[PDB]
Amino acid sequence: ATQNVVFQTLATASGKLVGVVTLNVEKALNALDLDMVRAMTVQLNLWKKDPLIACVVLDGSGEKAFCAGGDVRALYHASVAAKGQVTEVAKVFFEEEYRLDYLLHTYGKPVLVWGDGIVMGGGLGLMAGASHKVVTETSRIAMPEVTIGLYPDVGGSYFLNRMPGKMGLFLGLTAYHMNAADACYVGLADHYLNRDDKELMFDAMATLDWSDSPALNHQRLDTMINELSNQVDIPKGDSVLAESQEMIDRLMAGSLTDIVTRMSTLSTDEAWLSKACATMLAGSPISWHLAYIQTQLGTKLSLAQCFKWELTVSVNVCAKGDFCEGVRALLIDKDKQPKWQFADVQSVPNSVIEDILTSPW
C-alpha cells in the first residue's frame, strides 16, 4: 500500500466505528498525490457501505497543515515532455482526484474534516465537499492555483459561485488567505474549534450516541461540535471579507477587463488587500480568464457537471496554459519569475481560451 495516507477506526461506546483517514507526508505538508487518491477512494468506498461505519474523519499528520495542495511534480514533468499535447498523466490525475472529491460531497454518512492549519488547493478540495467542516485559530485556507497557471478547480466551479456576491471570483483571482472567520462567513467551514481541542473532539465522538440514520447522526455530530465550540479559549473574531463585502463586489464588477484595470489601478493601506492585488497581477493572464469564465457558469450545473467541465479545462491548461511555466517558476527552479505565455489580459487570444474549454474527447 502507500505510506502517504493512513487508515484506522476509532471504536465507540455505541458499537459503531468512526473511520479516520490521516494524510501522512508531513514533509510535503500532506500534499495530495495519486496513490493517496487511490488508497482513499478504495477505503472510503469500503467504509461507505459498511453499516458499522457511522462517520468518516479526514485529517493530516503534524501541526502545520491539513493538506497544502496537490503534488504537481509528476504532472509537471509529464506535461513538459509531451509539449502542448494533452497527457494521460493529467487525465488520470484529475479524473481520479475529482472522483474522490465528488465521493466526499455525496458520501451520505457525515464526513468530518479536521481543517486545522493549512488547507489549500487540492487540500481545500477535500474539505469543500465535507458535511462537517472544522477550522481552528491556526486555519489558513486559500486557492493559490492562479499563481502557478492553473485555476480554482477541485469543485471550485460549483462552490465559488455559491458564495456571497463576487466572493468566489476574488478568492480565485487573488489567492487571498482566509482565516477561520473568513471561511465560516463564505461557507467553507461549518464549525470553529481550537487546535488544542482535537483530543476532546475525538473523546466526544467515542461517546456520541451514533444511530443507523445518516441524517440523525449529522444532527448529533453538529450538536456535538456545537457544545465544544462555545468553550473555545481563542475566539475566531471578525471576517475581513464579510466586513469588506460591498467593496469586494465593486472591485470585481463588470468585465474581466474592468476588474484587471480596477485592480492594477488601486492603492490602499490595507495590507491584506494590496497583497491580494499583487498576487493576482503576478499570476497567469490565462488563469484570470478561466476564473472569470467559471463565474459565467452560474449555478444551474450539478456538482457532477462542474467536475466534468473541470476535467476538460484542467487537462487542457496543463498542456496549453501557463501551468508548466508556473510550476517551473515556483516549484522546480524556484526563482519565482514566471514569464507568462501572454503578457496581459487582452493578449490572451480568445481562440486559446476556446480551445482550453473544448473536450479533447
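Each residue number is its position in the shown sequence, starting from 1.
115-123 and 239-247 differ in mean CA B-factor, and the higher of the two is recorded for 239-247. The mean Cα B-factor in the deposited entry runs higher for 225-233 than for the other of 225-233 and 165-173. Take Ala291, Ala183, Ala82, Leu104 and read off each C-alpha B-factor from the entry; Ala82 has the highest. Based on the entry's C-alpha B-factors, the most elevated value among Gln219, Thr261, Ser131, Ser139 belongs to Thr261.
Among the modelled residues of the chain, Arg73 sits in the highest third by CA temperature factor in this PDB entry. The entry lists a Cα temperature factor for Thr295 that places it in the lowest third of the chain's modelled residues. Per the PDB record, residue ranking by Cα B-factor puts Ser213 in the lowest third of the chain. Annotation for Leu330: C-alpha temperature factor in the highest third relative to the rest of the modelled chain, per the entry. Annotation for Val6: CA B-factor lies in the lowest third of the chain's modelled residues.
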